[PDB]
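Q: If you use UniProt numbering, the sequence shown corresponds to residues 6 to 140, 153 to 293, 314 to 402, 419 to 473, in order. Just dropping this structure here.
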Amino acid sequence: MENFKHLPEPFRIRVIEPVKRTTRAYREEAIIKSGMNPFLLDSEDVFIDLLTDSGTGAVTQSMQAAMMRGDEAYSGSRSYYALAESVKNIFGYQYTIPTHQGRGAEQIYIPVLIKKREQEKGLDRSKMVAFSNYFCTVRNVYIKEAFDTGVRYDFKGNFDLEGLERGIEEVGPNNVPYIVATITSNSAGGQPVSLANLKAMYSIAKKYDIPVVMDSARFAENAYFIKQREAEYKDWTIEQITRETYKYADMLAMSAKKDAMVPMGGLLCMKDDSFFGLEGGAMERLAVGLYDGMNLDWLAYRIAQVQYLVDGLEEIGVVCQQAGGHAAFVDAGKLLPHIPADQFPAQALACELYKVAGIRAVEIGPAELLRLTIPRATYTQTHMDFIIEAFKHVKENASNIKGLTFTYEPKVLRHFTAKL
């Protein structure tokens, strides 16, 4: 009868990966052997791993089944055609280049689109500038409501159309190799982009004839927010909003490691023949993942848990500098005000969080921030309350927590280095 802030899982758990519960004595000894650097910890010793949401998520039954029927043929693989058919039936793009990683797609379209405008419109490599809502030099054009956490706004990842149009005039249209639209945006822990904004952005792109690359790891989540907020599309499905959305970009480049729900993969796809690396089982798995990732019941649950964790930390007095859809940045300085910036307040908070709850977080972020990310369909509400209770414990005992003079950062080659 009542309302649930944390939605029930619209799925049944099928396969699980056991994780051992540890004593504080075990963790305190483990965090020491790692040199007070949770990044070096063994996966077995981490109870809740918030390090990254990329490739660490779960899969569905149909996705696992897809791995079983592959076609490993070097060419004319039915597994490739199945993937292409999904890209075509979803985004509307009939040309598909599978890549190992999302980063692999960038290695392709960037040098290609640059050389293209160099041949045609005579682009200058010294004066060249690329534009985006948020991220060779690239310039971010974003609305001022984006980074303001004091106020809530329906779409904070929108382009600044005035700033976009003005910026093109400054550098000149011949010098702009492309426009990268990120959905959801990468700004402020992530924020959705409206369909009206993209449409408007694309009209500007044709005026100067600039190719628009849609960078979407999160395309499914972005479509959900358009259905949830933008009034016109309220009765549209997720598939429909996605099909409409990609009319307003020329090509897409993405990591499949997020909303496509796969451990590894990437895509570079185009709706035109212009402007011109995966095993069969993996392509088959991704072709299923793109559909399962767009599930309406699933997207509501995913987005609800993230919001549940953010709302949870807020109520216990933990302030976030930025908290979006795909990430939350906790302010370690404000949580540990007695620790000088010299002693690495963020790295210190990470260790204490592991000592207490066995939770792993990363320091990357003048301000000292601790980033939190949630792997998809991995952890439950109980884990969320466990993370909140940990921050609650750290806040009360905060005074007795000490900083760190030493941060242990060995070479990149140990880091690897097989065990003894």
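We put the CB at the ideal spot given by N, CA and C, even for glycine.
Terminal residues of the continuous alpha helix (DSSP H) containing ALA383?
A: For this step, residue 383 is matched to residue 346 along the sequence shown. Unbroken alpha helix (DSSP H) run through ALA383: 382 to 394.
Q: Is there a Cβ from chain C that is less than 8 Å from the Cβ of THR104?
A: No chain C is present in this structure, which holds just one protein chain.
Q: Hey, how far is the Cα of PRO209 from the Cα of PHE236?
A: Counted from its first residue, the sequence shown places residue 209 at position 192. Counted from its first residue, the sequence shown places residue 236 at position 219. In a straight line, the C-alpha of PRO209 is about 9 Å away from that of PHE236.
Q: So the candidates are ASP348, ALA360, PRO428 and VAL393; which of them puts its Cα closest to the Cα of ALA277?
A: What you label residue 277 is simply residue 260 of the sequence shown in a count that begins at 1. Nearest of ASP348, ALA360, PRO428 and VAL393 to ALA277, Cα basis: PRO428.
Q: Within the region 203 to 232, note down every full beta strand (DSSP E) run reaching 3 residues or more, in order along the chain.
A: With a minimum length of 3 residues, the continuous beta strand (DSSP E) runs that stay inside the region 203 to 232 are 229 to 232.
Q: Tell me which same chain residues have a C-beta within less than 8 Å of the C-beta of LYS448, skipping the five on either side of it?
A: In the sequence shown, residue 448 corresponds to position 395, counting from 1. Same-chain partners within the cutoff: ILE353, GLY354, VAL355 and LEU372.
Q: Please report the distance separating the alpha-carbon of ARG130 from that of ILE227.
A: Indexing the sequence shown from 1 puts residue 130 at position 125. Indexing the sequence shown from 1 puts residue 227 at position 210. Straight-line Cα distance between these residues: approximately 16 Å.
Q: Sort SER233, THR101 and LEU425 by Cα distance to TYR85 and report the nearest one.
A: Residue mapping note: residue 85 aligns to position 80 of the sequence shown, counting from 1. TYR85 has its Cα closest to that of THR101, out of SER233, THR101 and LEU425.
Q: Measuring alpha carbon to alpha carbon, tell me which residue in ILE221, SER91, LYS38 and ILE37 is nearest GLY326.
A: For the purposes of this step, residue 326 is identified with residue 289 of the sequence shown, where counting begins at 1. Ranking the options by Cα distance to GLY326, first place goes to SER91.
Q: Could you pull the start and end residues of the beta strand (DSSP E) that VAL155 belongs to?
A: Looking up residue 155 in the sequence shown gives position 138. Its beta strand (DSSP E) spans residues 155 to 157.
Q: In the structure shown, what three-state DSSP assignment does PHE236 receive?
A: The residue given as residue 236 occupies position 219 in the sequence shown. Helix.
Q: Smallest Cα separation from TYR461: which of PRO190, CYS388 and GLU123?
A: The sequence position of residue 461 within the sequence shown is 408, counting from 1. The candidate whose alpha carbon is nearest that of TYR461 is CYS388.
Q: Can you tell me which of the three DSSP states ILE95 falls into?
A: Here residue 95 refers to the residue found at position 90 of the sequence shown. Looking at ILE95 - three-state DSSP - the assignment turns out to be helix.
Q: Kindly give me the distance between the Cβ atoms of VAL20 and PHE52, rounded to whole angstroms, as I take these residues to be in contact under 8 Å.
A: The residue labelled residue 20 in the question sits at position 15 within the sequence shown. The residue labelled residue 52 in the question sits at position 47 within the sequence shown. The Cβ separation is near 19 Å, so there is no contact.
Q: First and last residue of the beta strand (DSSP E) that includes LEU181?
A: For this step, residue 181 is matched to residue 164 along the sequence shown. Here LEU181 belongs to no beta strand (DSSP E); instead the alpha helix (DSSP H) covers 178 to 188.
Q: Is it true that the CB of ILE185 sits closer than 8 Å to the CB of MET231?
A: One-based indexing of the sequence shown puts residue 231 at position 214. One-based indexing of the sequence shown puts residue 185 at position 168. The answer is no: Cβ separation not under 8 Å.
Q: Which residue marks the beginning of the beta strand (DSSP E) containing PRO103, and which one marks its end?
A: Along the sequence shown, one-based indexing puts residue 103 at 98. Per DSSP, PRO103 belongs to the beta strand (DSSP E) from 100 to 104.
Q: In whole angstroms, what separates the C-alpha of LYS173 from that of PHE140?
A: Here residue 173 refers to the residue found at position 156 when the sequence shown is read from its first residue. Here residue 140 refers to the residue found at position 135 when the sequence shown is read from its first residue. Spanning the two alpha carbons is a distance of roughly 14 Å.
Q: Where does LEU346 sit, in a helix, a strand or coil, going by DSSP?
A: Counting from one through the sequence shown, the residue named residue 346 turns up at place 309. Three-state DSSP puts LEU346 in a helix.
Q: At the level of alpha carbons, what is the spacing between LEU346 and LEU46?
A: If you number the sequence shown from 1, residue 346 lands on position 309. If you number the sequence shown from 1, residue 46 lands on position 41. Approximately 24 Å, taken between the alpha carbons.
Q: Pull up the CB-CB distance for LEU88 and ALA266, whole angstroms please, since I reckon it's below 8 Å.
A: Mapped onto the sequence shown, residue 88 falls at position 83. Mapped onto the sequence shown, residue 266 falls at position 249. Actually they do not touch by this definition, with Cβ atoms about 19 Å apart.
Q: With distances taken from CA atoms, which of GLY97, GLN69 and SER82 is nearest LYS288?
A: Position 271 of the sequence shown, counted from the first residue, corresponds to residue 288. Nearest option by C-alpha distance: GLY97.
Q: Using a Cβ-Cβ cutoff of less than 8 Å, which residues in the same chain neighbour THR166 once the five nearest sequence positions on both sides are dropped?
A: As a first step, residue 166 is located in the sequence shown; it is residue number 149 there, counting from the start. Hits under 8 Å: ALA205, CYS357, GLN358, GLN359 and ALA360.
Q: Have a look at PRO419 and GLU261 and give me their C-alpha separation to the nearest angstrom.
A: Along the sequence shown, read from residue 1 onward, the residue named residue 419 stands at position 366. Along the sequence shown, read from residue 1 onward, the residue named residue 261 stands at position 244. Taking the straight line joining both Cα atoms gives about 41 Å.
Q: If you compare alpha carbons, which of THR259, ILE37 and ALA78 is closest to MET320?
A: Mapped onto the sequence shown, residue 320 falls at position 283. With distances taken between Cα atoms, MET320 lies closest to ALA78.
Q: Three or more C-beta pairs closer than 8 Å, one from the region 394 to 402 and one from the region 433 to 448: is that the case here?
A: Touching, yes.
Q: Whole angstroms is fine: what's the gap from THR104's alpha carbon to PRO374's?
A: Taking the sequence shown and counting its residues from 1, one reaches residue 104 at position 99. Taking the sequence shown and counting its residues from 1, one reaches residue 374 at position 337. C-alpha separation (whole angstroms): 45 Å.
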